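Colleague: Build me a structure from this.
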Amino acid sequence: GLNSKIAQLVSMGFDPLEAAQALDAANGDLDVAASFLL
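Modeller: Residues are numbered from 1 along each chain as shown. The structure is reproduced below:
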(Lines give C-alpha, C1' and ligand atoms only; values in the text may rest on other atoms or scores of the structure.)
Protein backbone atom coordinates (compact mmCIF):
# COMPACT_ATOMS: atom_id res chain seq x y z
CA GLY A 1 0.00 0.00 0.00
CA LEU A 2 2.70 2.46 1.03
CA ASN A 3 4.78 2.22 -2.16
CA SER A 4 1.73 2.92 -4.30
CA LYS A 5 1.08 6.05 -2.23
CA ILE A 6 4.71 7.17 -2.58
CA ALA A 7 4.37 6.68 -6.33
CA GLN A 8 1.19 8.81 -6.35
CA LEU A 9 3.11 11.62 -4.70
CA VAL A 10 6.08 11.20 -7.05
CA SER A 11 3.57 11.46 -9.97
CA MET A 12 2.66 14.92 -8.66
CA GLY A 13 6.26 16.00 -9.03
CA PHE A 14 7.44 15.37 -5.46
CA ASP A 15 10.67 13.56 -4.70
CA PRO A 16 10.62 9.99 -3.35
CA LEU A 17 12.17 10.65 0.07
CA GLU A 18 10.15 13.79 0.88
CA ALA A 19 7.07 11.76 -0.21
CA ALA A 20 7.93 8.82 2.04
CA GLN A 21 8.61 11.13 4.95
CA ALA A 22 5.28 12.94 4.51
CA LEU A 23 3.45 9.62 4.40
CA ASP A 24 5.28 8.43 7.54
CA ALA A 25 4.22 11.60 9.41
CA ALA A 26 0.69 11.13 8.06
CA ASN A 27 0.61 7.46 9.11
CA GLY A 28 -0.08 6.40 5.53
CA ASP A 29 -2.87 8.90 4.82
CA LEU A 30 -2.11 10.00 1.26
CA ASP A 31 -4.56 12.90 1.25
CA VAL A 32 -2.90 14.33 4.37
CA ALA A 33 0.63 13.73 3.05
CA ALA A 34 -0.21 15.44 -0.25
CA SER A 35 -1.64 18.46 1.64
CA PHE A 36 1.69 18.68 3.54
CA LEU A 37 3.74 18.75 0.34
CA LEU A 38 1.64 21.27 -1.64
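Colleague: measure the most centrally placed residue in the chain to residue 7 for me?
Modeller: In the chain, the centroid-proximal residue (CA atoms, centre = their mean) is residue 19; its distance is 3.7 Å. Separation of residue 19 from residue 7 (CB to CB, to the nearest Å) stands at 8 Å. In this view, the C-beta of every residue, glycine as well, is placed from N, C-alpha and C.
Colleague: helices or strands up against the host helix or strand of residue 35?
Modeller: Under the criterion of DSSP states H and E, residue 35 resides in helix 30-37. Secondary-structure packing of helix 30-37 (3 or more CB pairs under 8 Å, 6 or more residues apart in numbering; DSSP states H and E): helix 2-11, helix 16-25.
Colleague: possible to save the ones you listed as JSON lines with distance to residue 31?
Modeller: Listed next are the helices and strands packed on helix 30-37 as JSON lines, based on distance: least, CB to CB, whole Å:
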{"stretch": "helix 2-11", "distance to residue 31": "10"}
{"stretch": "helix 16-25", "distance to residue 31": "11"}
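Colleague: hey, which of those is tucked in deepest?
Modeller: Among the helices and strands packed on helix 30-37, helix 16-25 has the highest mean neighbour count (mean count of other CB atoms under 10 Å), at a mean of 16.
Colleague: how about residue 22, what does it touch?
Modeller: Applying CB atoms under 8 Å, 6 or more residues apart in numbering to residue 22 gives the contacts 9, 14, 33, 34, 36, 37.
Colleague: Most neighbours of all those residues, which one?
Modeller: With neighbours set by other CB atoms under 10 Å, the maximum within these is found at residue 33, which has 25 neighbours.
Colleague: how near is that residue to residue 20?
Modeller: Note on residue 33: its distance to residue 20, by CB to CB, is 9 Å.
Colleague: For the closest residue to residue 28 other than its chain neighbours, which residues are in contact?
Modeller: If the residues on either side of it in the chain are set aside, residue 28 comes closest to residue 2, at 6.3 Å by CB to CB, 6 or more residues apart in numbering. Residues near residue 2 by CB under 8 Å, 6+ apart: 20, 23, 28.
Colleague: cool, and residue 23?
Modeller: Per CB under 8 Å, 6+ apart, neighbours of residue 23: 2, 5, 6, 9, 29, 30, 33.
Colleague: Since that was my last question, I'll sign off now.
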